Amino acid sequence: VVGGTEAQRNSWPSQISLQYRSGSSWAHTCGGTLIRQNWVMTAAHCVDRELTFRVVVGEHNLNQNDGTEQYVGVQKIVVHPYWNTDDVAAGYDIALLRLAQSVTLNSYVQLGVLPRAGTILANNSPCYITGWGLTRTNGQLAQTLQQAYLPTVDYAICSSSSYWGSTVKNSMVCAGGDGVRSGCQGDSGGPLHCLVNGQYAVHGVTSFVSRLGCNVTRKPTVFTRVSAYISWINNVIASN
Ligand SMILES: [Ca+2]
């Protein structure tokens, strides 16, 4: 997250760190959202590589003992069947991870609430992106979980020529684009939390930013629209 602030440790308890094994250690690669005690929602592109993955819930600082973490292996990966890694613009950037164990819930570890199917946010709706992704274009991962206020940019504006044009689909949410705040590499797969009727819900799964840079004006961060995938999510969980 470029232009973020450090999140309070109990603000976003559904945020997870998706990590891969690298040598004798683990490296953060993506975010995710805990959606059942044994299921995480993330981006399909996060799991394109044939890696050993684990999830950390109750994570705040990637580089220090928080005293709240639970580390759990990924047991099964179910990528959306229409995902194509060389066509992120087509959409379908979503995957579910079944965890090896059911995590224990507490103020640091909670299920993310998803919107009702079909819900589309009005332009300029209030949301926060969260994650450990780069803090500058071509920068480095954050140590502490970051948040940035990224209001939505509706489909009509987001798909206009000076924004994303044809690249954005109605199955996506755009947010931000102010040239200061954005998602960045390593935020992918994590939530866009939007405040509606007094409650935050996870309306987005971080999918892409401009190839030119993270915080590029009129290139808002683009998210998979969770509310387009409610039936898909429920079907996968019911069948697994
Ligand atoms: Ca930690």
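Numbers here simply count residues along the sequence, with the first being 1. Computed from heavy atoms alone, side chains included, the values below leave out hydrogens, waters and symmetry copies.
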- Item | Aromatic ring proximity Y71/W26, centre distance under 6.0 Å | no
- Scanning both residues in full, the closest heavy-atom pair of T68 with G58 reads OG1-O, 2.7 Å
- Message: With a 3.5 Å distance limit and no angle check, can you tell me whether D66 reaches the backbone of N61 through a side-chain donor-acceptor pair?
- Response: yes
- Message: According to a hydrophobic-cluster definition based on side-chain heavy atoms being under 4.5 Å apart (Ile, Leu, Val, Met, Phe, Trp, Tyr only), do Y82 and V226 belong together?
- Response: yes
- For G183 and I129, which heavy atoms make the closest approach, and how far apart are they? CA-CD1, 3.5 Å
- Message: Is any side-chain heavy atom of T152 closer than 4.5 Å to one of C127?
- Response: yes
- Query: Shortest non-hydrogen contact from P191 to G32?
  - Reply: CD-O, 4.0 Å
- Got more than 12 heavy atoms from elsewhere within 6.0 Å of CG, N63? yes
- Does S11 use its side chain to pair, donor to acceptor, with the backbone of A7 at less than 3.5 Å? no
- Message: Test side chain to side chain contact (heavy atoms under 4.5 Å, CB included) on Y108 and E69; report intermediate values, then the result.
- Response: CA-CA 8 Å; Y108 310 101; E69 301 92 327; over 6 Å; no
- Item | Minimum side-chain heavy-atom gap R98-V40 below 4.5 Å | no
- Message: Donor-acceptor pair, distance only, cut-off 3.5 Å: does the side chain of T144 make one with the backbone of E6?
- Response: no
- Are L192 and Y149 connected in the hydrophobic side-chain network, where two residues link if heavy atoms are under 4.5 Å apart? no
- With sequence neighbours excluded, tell me which residues meet salt bridge (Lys or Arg N to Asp or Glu O under 4.0 Å) with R54. none
- Does any N or O in the side chain of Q101 come within less than 3.5 Å of the main-chain N or O of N38, such that one atom is a donor and the other an acceptor? no
- Are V222 and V88 connected in a single hydrophobic cluster, I mean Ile/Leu/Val/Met/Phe/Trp/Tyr linked by side-chain heavy atoms less than 4.5 Å apart? yes
- For the side chain of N235 and the backbone of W232, is there at least one donor-acceptor N/O pair under 3.5 Å apart? no
- Quick one: are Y163 and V153 in side-chain contact, heavy atoms under 4.5 Å? yes
- Item | Side-chain touch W83/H45, heavy atoms, less than 4.5 angstrom | yes
- Verify, without hydrogens or angle tests, whether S17 (side chain) and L62 (backbone) share a donor-acceptor contact under 3.5 angstrom. no
- Indicate if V196 and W12 have the same hydrophobic cluster label, given that clusters are the connected sets of ILVMFWY residues with side-chain heavy-atom separations under 4.5 angstrom. no
- Query: Any cation-pi pair here, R21 with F53, using under 6.0 Å and within 45°?
  - Reply: no
- Can any side-chain N or O of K169 pair as donor or acceptor with the backbone N or O of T167 at less than 3.5 Å? yes
- Query: Going through the checks in order, is the ring-ring contact (aromatic ring centres under 6.0 Å, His included) test met by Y229 and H80?
  - Reply: CA-CA 10 Å; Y229 293 90; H80 195 285; 5.6 Å; yes
- Heavy-atom closest contact (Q147 atom, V1 atom, distance): C-CG1, 4.2 Å
- Kindly indicate whether the side chain of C30, heavy atoms from C-beta on, has any atom under 4.5 Å from the side chain of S188. yes
- Task: Apply ring-ring contact (aromatic ring centres under 6.0 Å, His included) to the pair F208 and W164, showing each step before the final yes or no.
- Result: CA-CA 11 Å; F208 60 95; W164 283 101; 5.0 Å; yes
- Task: Could you tell me whether a side-chain N or O of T206 sits under 3.5 Å from a main-chain N or O of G190, the two making a donor and an acceptor?
- Result: yes
- Query: Side chains of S207 and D93: do they bring a donor and an acceptor to under 3.5 Å?
  - Reply: yes
- Checking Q110 side chain against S107 main chain: does a donor-acceptor pair fall under 3.5 Å? no
- Message: Same cluster or not: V2 versus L141, using hydrophobic residues (I, L, V, M, F, W, Y) connected whenever any side-chain heavy atoms lie under 4.5 Å apart?
- Response: no
- Can you establish whether the number of heavy atoms outside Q75 located under 6.0 Å from its atom CD is more than 12? yes
- Atom pair CG/CG of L150 and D178 - distance to nearest 0.5 Å: 7.5 Å
- Step by step, work out the side chain to side chain contact (heavy atoms under 4.5 Å, CB included) result for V113 and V202. CA-CA 6 Å; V113 179; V202 177; over 6 Å; no
- Message: Quick one about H203 and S227 (side-chain donor to acceptor, distance below 3.5 Å, no hydrogens or angles considered), yes or no?
- Response: no
- Heavy atoms only: give me the nearest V168-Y155 pair and the separation to one decimal. O-CE1, 3.6 Å
- Evaluate whether atom CZ of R218 has more than 12 neighbouring non-hydrogen atoms of other residues, nucleotides or ligands under 6.0 angstrom away. no
- Can you find a pair of side-chain heavy atoms, one from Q185 and one from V209, that are under 4.5 Å apart? yes
- Which heavy-atom pair separates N215 from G179 by the least distance, and what is that distance? ND2-O, 2.9 Å
- Taking the side chain as every heavy atom from C-beta outward, state whether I16 and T33 have any pair of such atoms under 4.5 Å apart. no
- Report yes if some heavy atom in the side chain of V103 is under 4.5 Å from a heavy atom in the side chain of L34; otherwise report no. yes
